[PDB]
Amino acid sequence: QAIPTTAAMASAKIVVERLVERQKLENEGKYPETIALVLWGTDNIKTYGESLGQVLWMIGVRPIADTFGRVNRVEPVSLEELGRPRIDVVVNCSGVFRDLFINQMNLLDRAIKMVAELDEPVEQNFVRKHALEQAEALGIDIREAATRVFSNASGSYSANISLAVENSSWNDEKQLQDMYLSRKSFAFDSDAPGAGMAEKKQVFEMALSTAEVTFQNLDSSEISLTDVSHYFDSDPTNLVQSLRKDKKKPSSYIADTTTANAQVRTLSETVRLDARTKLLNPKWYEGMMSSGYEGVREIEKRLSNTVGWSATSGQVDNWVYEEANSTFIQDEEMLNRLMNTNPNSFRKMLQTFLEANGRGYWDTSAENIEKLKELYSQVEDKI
């Protein structure tokens, strides 16, 4: 179809410039070699391909509309125009993106392979730098090594990490990560259309191991990172870390497209802003308390989604949980209101606090943990 449109590309350029600028600034003026990112299908419908267009800017290509107005090829941007190296990308497409944007997965894969093959210095073309190394490691052609457009298999959705977090059914982060790798390692191949979304787990792991940055786009005024579970479910931050030889956590960012000028913030900063707007905001939680039974369920879900981000990124700082404990548990007026309003959901909140502590996401006093366990025993006797 027509995407990304000229308008989408103009917005995309600005966001990518801001992301790269911030990363270069935080890391001794150095460009990141690979950005691991997520593309959401509904987003790209609404914006006519803005986040898709961001990938094109990262690698330094521009979309070209044909005589019928359809975007089905790209042309490389010159290194002089780009003004920096081409940055490699691991493109984690959501299941909805895959269902709705086959032609654009084709566009992206073709674009990335074409970039890999440009006769350019590897220090100016990180797609080629990595694809050459991966081709040598695996003994495959450079175009095969330059596979970056991934998703769930046809008919599958999510990493099932939000499902595991909801059920508290998992033992360690490695289990969540192994599930992400098993579920989201299906690749599009524009050189072999008839193959569908085909498993390329070795290349997926190698490409992820090169990532120095993780990135998603959100409109926080519409749907915040904790309003839903799907954003943490697809977050590749800890996954990348676990695949790197150095076990270095990549720098994590979120582009917030609330305002016309989209703000690139760290994931940590995004968590902070959201906690101050939602979970720990008196106007929000009192509003929920005024909504009674269902309001308490919303508070419970918010805390659960926060733990989700801990599990996938480690970017929820201790103060979020400590302040949540002070607000909801240590304040007896609120504690009693919660227990009386929705005992079942309050019990789940207690479990979530205890789980955050047990899993190593929240450090707190022995007395605070004892209080939670007392309240658990008490609410179970009530139910």
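Residue numbers run from 1 along the displayed sequence.
- According to the PDB record, 282-290 carries the higher mean C-alpha B-factor of the two stretches 303-311 and 282-290.
- Taking the PDB entry as given, 249-257 carries the higher mean Cα B factor of the two stretches 249-257 and 122-130.
- The PDB entry assigns its highest CA temperature factor, among 171, 270, 216, 94, to 171.
- Highest CA B-factor among the listed residues (236, 76, 155, 196): 196.
- The entry lists a Cα temperature factor for residue 277 that places it in the highest third of the chain's modelled residues.
- In this PDB entry, the Cα temperature factor of residue 200 sits in the middle third of its chain's modelled residues.
- Among all modelled residues in its chain, residue 27 ranks in the highest third by Cα B-factor.
- Sort the modelled residues of the chain by CA B factor and residue 60 lands in the lowest third.
- Looking at the C-alpha B-factors along this chain, the one for residue 138 belongs to the middle third.
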